[PDB]
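Counting from 5, one number per residue, gives the positions in the sequence shown under the deposited numbering.
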Amino acid sequence: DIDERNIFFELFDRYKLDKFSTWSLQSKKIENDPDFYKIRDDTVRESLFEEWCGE
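Pasting the structure below:
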């Protein structure tokens with residue numbers, strides 16, 4: 005419940021995604037990384053990205 009989210013943006017910056025371009029080009033990219041599995045809810049993972057994008 006919003007806490008853990010910033011972890012993924014953090015991961016998401018760690019690998020400098022594009023939080024706007026695609027969810028997965030960024031996430032299928034962070035995929036194999038144990039950090040995509042920080043949260044077992046994939047339905048939350050991509051919601052992360054959108055907040056962090058302009059967070």
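Even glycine gets a Cβ: it sits at the ideal position worked out from N, Cα and C.
Contact belief for residue i with residue j at Cβ below 8 Å, rounded distance in angstroms
| i | j | result |
| --- | --- | --- |
| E50 | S31 | 6 Å |
| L21 | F53 | 7 Å |
| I43 | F12 | 7 Å |
Spatial neighbours of residue i in its chain, beta-carbon cut-off 6 Å, leaving aside the 5 residues before and after
| i | result |
| --- | --- |
| residue 100 | Examination of residue 100 is not possible in this model, given that the chain is present from 5 through 59 alone. |
| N10 | none |
Close-in-space but distant-in-sequence residues of the same chain around residue i (CB under 8 Å, 5 per side omitted)
| i | result |
| --- | --- |
| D17 | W56 |
| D37 | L15 and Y19 |
| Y41 | none |
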